[PDB]
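Following this message is one structure expressed as structure tokens.
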Amino acid sequence: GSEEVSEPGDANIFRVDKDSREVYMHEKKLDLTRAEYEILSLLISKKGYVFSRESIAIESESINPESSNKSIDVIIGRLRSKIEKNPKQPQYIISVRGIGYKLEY
């Protein structure tokens with residue numbers, strides 16, 4: 001017996017998977033890309049709050065426009081796509097117009 005070349009890690013309410021490149025919350029599996037993981041990881045580490053274009057641009061930050069109108073659009077689109085294709089779906093995330101999307105701990 002021996003350990004994998006790509007073991008997962010974790011903190012408090014959430015976990016990182018390095019092999020598939022994903023993030024697991026106590027409620028649900030989420031699975032964009034490393035930067036979107038980094039934001040949602042930080043979001044559960046601080047608090048659910050309202051997850052917003054600016055704050056998103058501050059924590060993922062691999063994106064050229066700091067107003068993040070296309071990052072939030074990709075992030076909402078791909079979050080929806082993963083939770084529509086997989087049977088796992090949200091209940092404590094709520095969409096809030098162009099301001100962002102609300103969550104609580």
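Looking at (1) under 12 Å from the mean Cα position of the chain (by Cα); (2) assigned to a helix (DSSP H, G or I), find the lone condition where residue 73 falls short.
Every condition holds for residue 73 apart from (1).
Please give the number of the condition residue 32 fails out of (1) in contact with a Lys or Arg (Cβ under 7 Å, 6 or more places away or on another chain); (2) outside any loop (DSSP other than H, G, I, E, B).
Condition not satisfied by residue 32: (2).
Let me ask something else about it. Considering only the range 35-47, state which residues are among the basic types (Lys, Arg) and either over 13 Å from residue 103 (Cα atoms) or assigned to a helix (DSSP H, G or I) (or both).
Scanning the range 35-47 gives a single hit, 46.
Could you run through the range 48-62 and say how many residues are in a loop (DSSP other than H, G, I, E, B) and either among the charged types (D, E, K, R) or in contact (Cβ under 8 Å) with a residue 40 or more places away in the chain (or both)?
Within the range 48-62, residues that are in a loop (DSSP other than H, G, I, E, B) and either among the charged types (D, E, K, R) or in contact (Cβ under 8 Å) with a residue 40 or more places away in the chain (or both) number 4.
Moving on to the next point. Among 62, 68, 95, 81, which is surrounded by fewer than 17 Cβ atoms within 10 Å (Cβ to Cβ), in contact with a helix residue (DSSP H, G or I) (Cβ under 6 Å, 6 or more places away or on another chain) and more than 23 Å from residue 6 (Cα to Cα)?
Step by step, each of 62, 68, 95, 81 is checked, and only 62 is surrounded by fewer than 17 Cβ atoms within 10 Å (Cβ to Cβ), in contact with a helix residue (DSSP H, G or I) (Cβ under 6 Å, 6 or more places away or on another chain) and more than 23 Å from residue 6 (Cα to Cα).
Checking the conditions here, which among 65, 90 is of a type outside the set (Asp, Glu), without any contact (Cβ under 8 Å) to a residue 40 or more places away in the chain and either in a helix (DSSP H, G or I) or out of contact with any strand residue (DSSP E or B) (no Cβ under 7 Å at 6 or more places or on another chain) (or both)?
On inspection, the qualifying residue turns out to be 65.
Residues to consider are 10, 19; find the one that is loosely packed, with under 14 Cβ neighbours inside 10 Å, of a type in the set (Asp, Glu) and part of a strand (DSSP E or B).
Being loosely packed, with under 14 Cβ neighbours inside 10 Å, of a type in the set (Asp, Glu) and part of a strand (DSSP E or B) holds for just one of 10, 19, which is 10.
Please verify whether the range 34-52 includes one or more residues that are surrounded by 14 or more Cβ atoms within 10 Å (Cβ to Cβ), more than 30 Å from residue 6 (Cβ to Cβ) and in contact with a strand residue (DSSP E or B) (Cβ under 8 Å, 6 or more places away or on another chain).
Yes: the range 34-52 contains one or more residues that are surrounded by 14 or more Cβ atoms within 10 Å (Cβ to Cβ), more than 30 Å from residue 6 (Cβ to Cβ) and in contact with a strand residue (DSSP E or B) (Cβ under 8 Å, 6 or more places away or on another chain).
Bear in mind that the values in this text are calculations on the coordinates, not laboratory data. Cβ atoms come from the backbone with ideal geometry, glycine included; neighbour counts cover every protein chain shown.
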